[PDB]
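What follows is a single chain, given as structure tokens, in the form deposited in one PDB entry.
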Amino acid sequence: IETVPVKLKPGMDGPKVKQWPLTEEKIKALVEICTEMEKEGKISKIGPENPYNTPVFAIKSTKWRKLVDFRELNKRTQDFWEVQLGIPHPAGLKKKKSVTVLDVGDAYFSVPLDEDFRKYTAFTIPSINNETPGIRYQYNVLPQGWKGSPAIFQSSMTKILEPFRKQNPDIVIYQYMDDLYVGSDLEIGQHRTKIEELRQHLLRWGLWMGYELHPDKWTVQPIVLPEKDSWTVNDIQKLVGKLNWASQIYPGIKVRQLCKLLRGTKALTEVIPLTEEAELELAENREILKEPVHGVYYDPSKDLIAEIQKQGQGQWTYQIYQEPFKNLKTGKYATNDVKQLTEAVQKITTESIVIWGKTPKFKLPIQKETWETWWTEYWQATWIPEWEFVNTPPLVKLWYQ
């Protein structure tokens, strides 16, 4: 075809991002893959006159697949993939009974890439012990990972799906990066049969989460207040802190009564008996906390942020919000920390996409370097969200279950 011209356009210059170290086996996989890609005309060796660089890694079940971190490039191309060739996101999508995620990235290998943009897709396979200088390539065709690729292709993506959509008008199909999200209120065998049908449309033309997703079964995790026969002073204090915190998100919470309960200067171990009203308040708060937050609404113009807390014993908790503590969804996830953490990250990101058509920035409770070393080992998506490292303030841990 003819190639859609692209631009960063102002005084954002392209990406100059260091290549994180890779294990021997990943490096090999990567040269094996990139020798083929060169063969097929998808990428070309480049010379030193290309100062740009984007990191690449390899990931896995039985075959290795190549993954490129276009996070910066995406950041610096924002105006083009968002405002100049946006893909609208359908609100309908979360409401569906079953959503199936399908990889379509192999499509982008058929469209070529604007010749004057190619320079920005530079990456480096590096070498063990820095012995050799490291093989430099760049993309000639639309790359998987860059949010520009589905921007371009949507014109094509639309023609391919036209009949399927015409014949299935209650099936909602959404494209995010390399994947297609396909939602129905069909019964599962039917939902599943329609997915095969959809695959075959694609097959002419060229083509943690278990199987499908179930967005209509996606209820938030309430902040939960222990029920208790018996109450100690400690227990009330824990309870007062835990509600006093909740007040600053949930409108309607009240603590007065329990503060009454804590009258003097007493021992923590000392038991203290539930009041008439004190009990009344408790259940009244319990009720508020079950229902989501009144007042909090998604602003598409602000970034989505995601916090995660290690709850111990294979459990994690999480919150998505735009302005701090004003939560838009809160949740939960259930063999080693980093693995578990990267699964949660993929889960939370997947939901985030279904709901808002955008990935959250993560606040990860882990040492940067641990994470950078280990994340690629279990990661299995084709996107990579943005992330920063953070120390979980120990109370927030406690206030979520």
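Heads up: residue numbers just count along the shown sequence, starting at 1. Take the two forms, find the largest set of C-alpha atoms that superpose within 1.5 Å, and that set is the rigid core.
Going from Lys60 to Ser61, you skip over 1 to 3 residues of the deposited sequence that the entry leaves unmodelled. Unmodelled residues of the deposited sequence between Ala334 and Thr335: 4 to 9.
Note on 256-264 vs 68-76: mean CA B-factor is higher in 256-264. A summary of the deposited B-factors shows that, of 297-305 and 129-137, the stretch with the larger mean C-alpha value is 297-305. Which of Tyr120, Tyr181, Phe153, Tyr211 has the largest Cα B-factor in the deposited entry comes down to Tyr211.
If you compare the C-alpha temperature factors of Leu328, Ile288, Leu202, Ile171 in the entry, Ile288 comes out highest. The entry lists a Cα temperature factor for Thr392 that places it in the highest third of the chain's modelled residues.
Among the modelled residues of the chain, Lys310 sits in the lowest third by CA temperature factor in this PDB entry. Per the PDB record, residue ranking by Cα B-factor puts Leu243 in the highest third of the chain.
Sorting the modelled residues of the chain by their CA temperature factor places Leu198 in the middle third. Annotation for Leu142: C-alpha temperature factor in the lowest third relative to the rest of the modelled chain, per the entry.
Unshown form deposited in another entry; subsequent notes refer to it.
Once the two forms are fitted on their rigid core, between this form and the one not shown the CA displacement reaches 2 Å or more only for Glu279 among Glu187, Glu196, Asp303, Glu279.
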